[PDB]
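First comes one chain, alone, set out as structure tokens in the form deposited in one PDB entry.
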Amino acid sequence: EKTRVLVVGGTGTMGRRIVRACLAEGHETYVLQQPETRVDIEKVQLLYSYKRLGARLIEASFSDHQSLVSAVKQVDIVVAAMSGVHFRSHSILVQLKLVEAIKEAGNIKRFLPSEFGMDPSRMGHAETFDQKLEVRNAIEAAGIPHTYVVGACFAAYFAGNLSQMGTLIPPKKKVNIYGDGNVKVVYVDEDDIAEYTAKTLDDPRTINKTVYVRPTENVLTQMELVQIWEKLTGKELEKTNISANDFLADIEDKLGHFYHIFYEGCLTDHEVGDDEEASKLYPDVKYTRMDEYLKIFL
């Protein structure tokens, strides 16, 4: 009656939260560990800390198809979390090795690919979305049941820096505001994305569906967010409004993923049913409001 979950990418920013959420939810949790992590002091100490909490380590490589199928047949569900900072420009596409291994094994009840972000296929008029769309097309062709978890703006990347580029912590005097800071955004603590992911991966209501992560009180414009900050610090920030016009679309150096969120409005340009939204399907997840999220920075 307990679900066996394999987390692929268990040592990344988002991967490690999913490993810990799956353990906190009672899942028998398996963590893919590649051959090349036996020389990496922080990856070994990280992987073996999951073991202390009950996880299991299964070694396999992505280049080695039999070790991948040998790996996914020890589990019921596969979650991939393969984007950001310990990954590469194309390691989303490496999930096609996983889909081809999952189909050969036949036992997989669900596959949750690396999707935690803007819903691609809402992005036909803008590549990250093409790699994620190609991984979905392979999932669906192979007949693997899926959940896509989408719709979130990572708080460590857009909230803790007041949506400032160039930094991950609040600025001391200035803040650039995009447009009129009037575009609604969905700032979410990545731990909440991970907890929602671990509650949904075996919920029968979400099989072969998309699950939007939009906890209501954290739907917030950028100026509403920096006003949660200004209030906490008691200090009003100097605000340069940046117009849609001012367009780095040319050969300086970076994204313009920012333009999709803070100008297009594309995280909140589509109402969500309460049968498609994570805060509503899992109301027991006391998600982190952004006034509490930011307090750690004062």
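Don't overthink the numbering: it's just position in the shown sequence, from 1. Under this definition, the rigid core comprises the largest set of C-alpha atoms superposing within 1.5 Å between the forms. Residues that one form lacks are left out of the comparison.
Not pictured, yet referred to below: the form deposited with a small molecule bound.
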task: Check, residue by residue, if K51, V99 and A198 all come within 4.5 Å of the small molecule in the deposited complex, counting heavy atoms only.
output: no
- request: Scan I92, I228, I108, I177 and let me know which has any heavy atom within 4.5 Å of the small molecule in the deposited complex.
  value: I92
- request: Check each of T206, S83, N218, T221 and return the one that places a heavy atom within 4.5 angstroms of the small molecule in the deposited complex.
  value: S83
- prompt: So in the deposited complex, does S70 come within 4.5 Å of the small molecule, heavy atom to heavy atom?
  reply: no
field: Contact of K43 with the small molecule in the deposited complex (heavy atom, 4.5 Å)
entry: yes
- request: Give a yes or no for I139: in the deposited complex, does one of its heavy atoms lie within 4.5 Å of a heavy atom belonging to the small molecule?
  value: no
- request: Mark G117 yes when one of its heavy atoms lies within 4.5 Å of a heavy atom of the small molecule in the deposited complex, and no otherwise.
  value: yes
task: Tell me the stretch among 140 to 148, 198 to 206, 71 to 79, 108 to 116 that has any heavy atom within 4.5 angstroms of the small molecule in the deposited complex.
output: 108 to 116
statement: Once the two forms are fitted on their core, the residues forming runs of at least three in a row with C-alpha displacements of 2 Å or more between this form and the one not shown are 36 to 39
